[PDB]
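One structure below.
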Amino acid sequence: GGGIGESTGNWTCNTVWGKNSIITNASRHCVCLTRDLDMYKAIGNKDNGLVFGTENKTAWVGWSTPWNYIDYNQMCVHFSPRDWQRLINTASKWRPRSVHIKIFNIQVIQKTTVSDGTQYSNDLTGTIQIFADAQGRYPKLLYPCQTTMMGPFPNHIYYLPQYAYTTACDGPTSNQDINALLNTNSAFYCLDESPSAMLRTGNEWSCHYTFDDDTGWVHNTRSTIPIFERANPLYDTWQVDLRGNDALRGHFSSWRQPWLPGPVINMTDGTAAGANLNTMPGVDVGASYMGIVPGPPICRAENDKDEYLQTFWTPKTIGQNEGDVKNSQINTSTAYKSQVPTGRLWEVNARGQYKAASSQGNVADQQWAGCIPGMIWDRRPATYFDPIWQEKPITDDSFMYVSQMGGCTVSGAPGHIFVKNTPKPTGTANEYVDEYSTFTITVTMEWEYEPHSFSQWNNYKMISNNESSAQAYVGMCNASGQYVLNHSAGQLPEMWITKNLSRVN
Amino acid sequence: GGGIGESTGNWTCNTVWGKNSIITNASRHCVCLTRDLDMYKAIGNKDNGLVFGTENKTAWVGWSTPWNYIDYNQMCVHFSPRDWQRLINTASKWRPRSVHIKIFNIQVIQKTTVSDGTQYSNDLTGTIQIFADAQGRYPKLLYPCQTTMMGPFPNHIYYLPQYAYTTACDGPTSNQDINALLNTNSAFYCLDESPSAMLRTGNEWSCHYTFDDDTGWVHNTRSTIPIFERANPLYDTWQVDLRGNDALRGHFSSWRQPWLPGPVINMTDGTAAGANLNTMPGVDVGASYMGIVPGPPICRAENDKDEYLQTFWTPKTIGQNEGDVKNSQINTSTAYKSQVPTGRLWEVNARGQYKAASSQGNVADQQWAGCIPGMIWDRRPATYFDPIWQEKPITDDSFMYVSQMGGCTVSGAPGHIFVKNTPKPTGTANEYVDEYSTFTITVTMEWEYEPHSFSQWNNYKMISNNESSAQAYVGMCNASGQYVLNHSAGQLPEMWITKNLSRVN
Amino acid sequence: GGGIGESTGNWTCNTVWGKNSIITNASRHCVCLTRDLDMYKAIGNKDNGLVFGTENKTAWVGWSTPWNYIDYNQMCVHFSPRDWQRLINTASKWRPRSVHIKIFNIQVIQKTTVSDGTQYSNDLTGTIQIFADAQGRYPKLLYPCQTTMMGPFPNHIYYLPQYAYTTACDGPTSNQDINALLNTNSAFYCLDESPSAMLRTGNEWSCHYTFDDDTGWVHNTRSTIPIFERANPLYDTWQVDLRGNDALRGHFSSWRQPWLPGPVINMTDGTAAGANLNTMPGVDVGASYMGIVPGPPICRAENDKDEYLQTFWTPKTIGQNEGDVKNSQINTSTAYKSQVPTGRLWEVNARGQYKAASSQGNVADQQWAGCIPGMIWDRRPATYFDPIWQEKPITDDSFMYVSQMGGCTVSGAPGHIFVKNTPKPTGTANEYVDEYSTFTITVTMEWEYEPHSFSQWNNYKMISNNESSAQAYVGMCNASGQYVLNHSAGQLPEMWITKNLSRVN
Amino acid sequence: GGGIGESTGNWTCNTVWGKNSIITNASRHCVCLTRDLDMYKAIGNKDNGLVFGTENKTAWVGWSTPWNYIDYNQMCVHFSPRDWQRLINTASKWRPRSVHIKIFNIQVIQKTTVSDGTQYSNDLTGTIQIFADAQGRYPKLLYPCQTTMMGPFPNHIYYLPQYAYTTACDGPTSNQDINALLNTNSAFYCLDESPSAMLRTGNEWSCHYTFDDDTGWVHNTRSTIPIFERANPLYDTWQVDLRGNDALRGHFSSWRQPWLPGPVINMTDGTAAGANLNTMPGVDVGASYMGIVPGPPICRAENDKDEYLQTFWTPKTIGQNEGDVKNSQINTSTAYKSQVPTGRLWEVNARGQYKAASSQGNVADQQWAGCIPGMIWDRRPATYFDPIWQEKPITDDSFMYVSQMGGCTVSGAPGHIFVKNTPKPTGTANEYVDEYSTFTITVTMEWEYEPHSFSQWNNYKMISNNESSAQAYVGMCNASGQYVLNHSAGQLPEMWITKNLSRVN
């Protein structure tokens, strides 16, 4: 009952499967580090070069808070390779339902510097402060899959990332610092003001978040039938062809259709070193450019096209106890460049940019083909590494919001849970007792999935492991103890991709 | 109780503020004028020149009815400069809830012509007819902000505008009158058939209209965070850049995004005198061209661009008792040309037209960028002069309807209230007792607004008056008794613009 | 019951006396005139000369509203010469308790211009708007005794004065109009917005106002005993004299006192034509000077000193039906200059400015002697022409507020009652049916007075009429029908002055 | 339940706003330092030079106690820049209602000296003693805004200031120590005698203080109307001018007034280095001079006058964890000299010292103009940095007590809360285990404010942030983590000043 000697919680990483629900528990050992001597620091990049290949080319401004926060949003955190596979094979679609988070077994550790080395001792009376931003008072970090994430493997040690945000930024002018970027719209947030539980070793903390019924689904189903061949093949139609003429038997493409595939925006890949951002498809927003790559999903037969396919880095191996990743770029040699192939969009999605009449009875490739009524398409295939949910920035209006990168749409998402070491001052100016805290977090997510059944007589496709992945230690720990997960660059292995199960219609 | 000696209503122009609701009362003294000797008159413009700079260049046909109608739809009518400011500072968003309208203290005045001048006497037994088109039997005039509007200032005398409408119009052919424009689709409406209360001096009239819960909101919130910088700045992401490469720290523009800004249609401004309408962006509809200017809102740093920003005239001063405005063009020298700047869209809206891959690894400016899934944008900033609600013409299908001009979407709007002087004939052919009626209208609108609170630690922006506006008599009556309201041409003063309050996310 | 044929109220001007209460009814026939074509007009004086003898030498800015208001605040309105005398003789002190106001028998009269002359006809359906500013929403005109007042005599016809106010004024700069005077603090008030009863001939209007128990008293008592001789004359005192020495018998002035008289500010009178305002005692406030004349009351034997005694104009005669007085200066030859003698302060108030030690055992005249603890004084004698109550401008702090001019202090005063003719438009721009309204107002004020009894054996002083006043038609109507009231310039007749009755201690 | 492992309280810094009440929570991490080896020490300054520019020029004597105390009295501690702004815009006036104080999460830390450096370890059984002086047994430190204050920013670490006081002091004589200053009136207070809770890590401490209904208000309202122009501008008055003559239209300054502005004491600024204190306006008290600067508030157009305007230092930046400030003068280069402009007193307060009749019909400037009856004035504008309440020293009599420096009057204020580390002796003479304690304090203050509404039709003034303040990190933490708050010397930014909202009358 709060004594330093009884444990405040238990470690559970097991997944329980219901008929249409999954409960996944992610328990991690988390290291909370004092951030910037417990100081909010104004941070920004004045330079607004907007050129590819160079860091700090986008002007931005904001504050790094002393607080650390929990980022569990990704699929690989909550699903083992085994459970993900079951999910891929078993469910047409799934969505998160609730997330329960426990923080317990809190240890504030004092680091003491001695000649031999650092000495670690428990600070029994030391507290950590924890508050959950249910209200959305503080800026949400909505960008998916940063290094802020928990490890996929239970045994990985999690260092809560330092909470920082960007605020309203002016277009930079010459010979001026970051403050110049700040304006009357710019917002400084002091997390410290918010009521936050102060926790000692005896204490436990939990919050609960429930997703609204309007939460988006992640779809594992692929169409069996081509959308352009929906006809009975044995019968002619009264309908004319595209050109206006008789619709010949077995020439469904020529025939007019009651529907069309989703919108296609022409996309390009640029290899020019230090090219201007506006070289790539996108648009200027504020003082900085925003790109639309990859854009609306289109089926691409080709294995390696950056613009068309979802592309992201995956760790080659994942070390069990990596240091705090604040301000550290992922090493290129430590990551695979993985592209998610859209060949699973073969039945529904358009392969290439649309041709429409340009002039004089000619059709031109459509650089931007927006949504027109009667358009039907499938989403980009989701992946294991994709966020669970994607929260779009609040705006007046959005159109059929889907993240190309991944995640399922949510009217609202779990608010950030902020954890910070309570500063223990030494009684001397600018000096604090050097302390970090370790605790165990348990993220328990309830899931909903729709079971998928096959009505086709013939054998159907299941996703199975392969020898090359096993011999790559995929979903295993290698000889060095590192957790491999994705084993290869290029086309992301079929295991981690959704849109597998076969829907009839 | 109906006697000519007791008043049938009271004058209230006060605004009452609830926690989340506002009740605004607009009381005006209205002059009802006999229209065209109580005759429905076929009116049309045969010429369909479709060229800028010349009146009657659009072919149209319809009828001017003897009836007059109430047009209270605009914000400046129902909100004083003081109340509008409170609304701008206090509320994130607002919408109309109900509108109650009273017509009372009716005076039918006989005008008698004598050598000295016109003599005015009360016609005690004279009636006015009033009916409200709740059913939508008669054509709705949906076009926002015509000279039909009530004055913003309570003391202004309101002359009900003559009700006229356009109907189905044929493309005009040479050597033919307006009748030729009429076709089998053309609709003549006789208001007189509808049951209408006949009212004497003793009588009072009221209707009530309640907006559906589906009514659109007018949004006063501005995003603090750039939508392209939503990431934690201190952390790298697993995500690749736009080009497919490593996403550098502090170069958010290069990074791929889980969302994109709203659609951008390239817009142009033409200064060519008497230029063809098709010169401007738009499309042909029926026999006449329809333009899409300003189009989807985009952030424009520049103060004066007609196509990009909402542009409308505001009165320089507003006289207290202007004559009936039927068939009178607003004098150019009596109006300011006001453009609503979109610089408040800096965080969310795209600054310029999108670039998408054209060919050979090149990106071209997109003349039309339609909505594609995952697009998020903010509406054009609303203004004090904007209509309260905008009712779109009935059609089978509409897409995310928003008026660039202004107003909030309504599944239905208050039906027109038609008021006409009952004709008093002299017993001689084509001769009527010359009479107008004055009455007091009270438009009581219940409003809903969402209170806005700031969670940012630092000081936030409020909209305040400035010396230049005060010294322009803004929201005041000048030395001549005229009510100034908007004091300057060009960029419309920040007071009258919405999207002020700061939303966190 | 609201018909044009039954009267809506009765005329009562009688005063009813209770044991300690007086009810006074002031009924007047009021003419309500259309003001400035029903237009709020910005009005100001840019010139800030601040020199005596010239009009518009004080910079000010504000608006004249279309509204007219009721000003009944003065004693001569509510008390006949007979009742005032009874009050002066009977009561030590009095204060207003409640005020009830009826407006009834409303006639809207249309003025028609014909060759013979103006023709007057009743506009039966015409309304007047009346609202009482209980809330204090609109600026209070607190300045006592303007030409806005009702006549003292019941038969006088009252024209409601046009409501105008001054607002925050900037210090004027060269080559600029009144608008320049306006600033961000300046306040424009639209009376029209406020809910106001619209009244026809049948209608009656009433409000009630109750004074708080904290309302100030007007004091009719004079001290019999000199405050400096409070001792038993037959006995020596242990107390030393002022100089520190033995206090001789019958030399009370030499003796030290347990109290001192009220504060004395040296005052001067300047006869210099066009002298700077700062010549007179006072202080600069805002961009304009404010004078402190007459200042704290001091007893002055002399009959004619402007600075020391309350000085104001009284009408020589008062015509029964004077025209509207808006913007008309009182004619000098039509007024008596009346000074209220302070010789009644003989027992208590200090005759002249205090001497205090300057240096080297010398005493100098004190130009400003402020309040010091132990100071006791009597107020300046109140008069018949003095306001009933004086409302000071709202401020954070006030010190023992008393108006030298007159009136009794009130935490709050009856809010202005605004009456305006509802504009009747002709249907033509800037043209209204020419109309004024006449109605009968009844101001019923309940008073509280403390009965005064004499305990002195010998005969006491009563205030009686004199032959010279009777032969001046004082409190009478003269041969021409004019109501004389004050009959002489100089020392105001003893009849109209308070501080008569003799208090023992 | 008291174990070292469960936390004894939570951190809340949030502000909750009621309709007319505000609850502000100030939570700080406090460092309690052993003071002077737990010894009461007689402290005094024998020198009584009474000359400007040199420290210890005022003779004083007293004791520094081993105890530390809580000083939370200032506005910036309890209101974030955001909440202060809301308060400034929203409320006419406000006052503190209750203050609740929690002290919890107490850590006694032993400091151990080792060759490497100081080693910090928790002393589990160590106590701190806390007692609140509700009774007023010990001297109150009433002087506003010393370095004893908590930080305005939640994350700032608070070091409780050592409690010391001054007692009755004799005028010093040559060749004598501080003891000579002590006399029979001098009072030594031993805090140790008072019952005080001894607290270990498990323990929590709280007190509650409720302000009496007689507590003073801080006023945010400014008069719109000049007090010298309170008249209806369109009407002449019966009242004479200041000089005794006809009161001209639009020359309100010339007119006599029913009230006068508050008292003005002539004030001067002296630049003479090492000038005698008596050079400045003030008076001798005891053996030391007391100055009256700034004195009664007067409106000053000029931006920089020390005597007339409230003047105080504000930190340029505020470091998060400054060392104990006992006996440390604020560095001049670390502070802004801020003067609070009185230009907001334009409507009510007198601009300059009063002129009153000197002699021979001449008026002289009044060096001291004390309160005379009928004087009305506004207080000096309050500021964000001003104390919450100001407690005057107990005396027999006070007159309309207001602190020019700031704060609201209180019949009584929260008694000092004294916290001291329980001395842990080593068993050796004059040797104690070196220990300090850190704890978290929460100051929860309930506030009352009167909501302010505008009745003026035109736009009104709100206080908004400006770009220069944002680009100064006002209300933000700068790049170095320091909390800027006031960003400029000279005129204190309009954000932090009260008397904003516009009262009608």
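Per-chain numbering from 1; labels A, B, C and D assigned in written order.
Rule of thumb we're sticking to: a residue touches a chain if its C-beta (ideal position, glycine included) is under 8 Å from a C-beta of that chain, and two chains touch if they have at least 3 such contacts.
Visitor: Counting a repeat as over half of the contact pairs in common, which of B-D, A-B or A-D repeats C-D?
Guide: The chain pair with the recurring interface is A-B.
Visitor: Roughly how far is chain B from chain C, going centre to centre by Cα mean, in whole Å?
Guide: 51
Visitor: Could you state the distance in Å from the CA-based centre of chain A to that of chain C?
Guide: 77
Visitor: Got the chain D residues that touch at least 2 other chains?
Guide: Correct list: 80, 455-458, 460-461, 464-465, 470, 475-476.
Visitor: Can you work out from the touch definition every pair of chains that touches here?
Guide: Applying the touch criterion to every chain pair yields A-B, A-D, B-C, B-D, C-D.
Visitor: Can you list the chain B residues touching chain A in their complex?
Guide: Spelled out, the residues of chain B in touch with chain A are 219, 221-246, 248-264, 299, 346-359, 361-364, 366, 368-379, 397, 399-400, 402, 455-458, 460-461, 502-505.
Visitor: In the complex formed with chain D, which residues of chain A make contact?
Guide: 1-5, 36-43, 63, 66, 110, 112-115, 121, 123-127, 129, 177-180, 182-184, 186, 188, 190, 192-203, 422-433
Visitor: Could you pull out which chain D residues touch chain B in their complex?
Guide: 80-82, 85-86, 89, 454-465, 469-470, 474-476, 495
Visitor: Can you name the residues of chain D that touch chain A in the complex?
Guide: Touching chain A: residues 1, 3-7, 9-15, 25, 27, 29, 31, 33, 80, 105-107, 109, 111, 116-122, 124, 153-155, 157, 159, 201, 319-324, 436, 438, 440, 464-467, 470-473, 475-481 of chain D.
Visitor: Quick check: in the complex, which residue numbers of chain A touch chain B?
Guide: Its residues touching chain B are 43, 45, 50, 52-58, 60, 62, 64, 135-149, 161-169, 184-190, 193, 262-263, 265-271, 275, 277-286, 288-296, 306-307, 311-314, 325-330, 332, 335, 337, 365, 367-373, 385, 390, 392-407.
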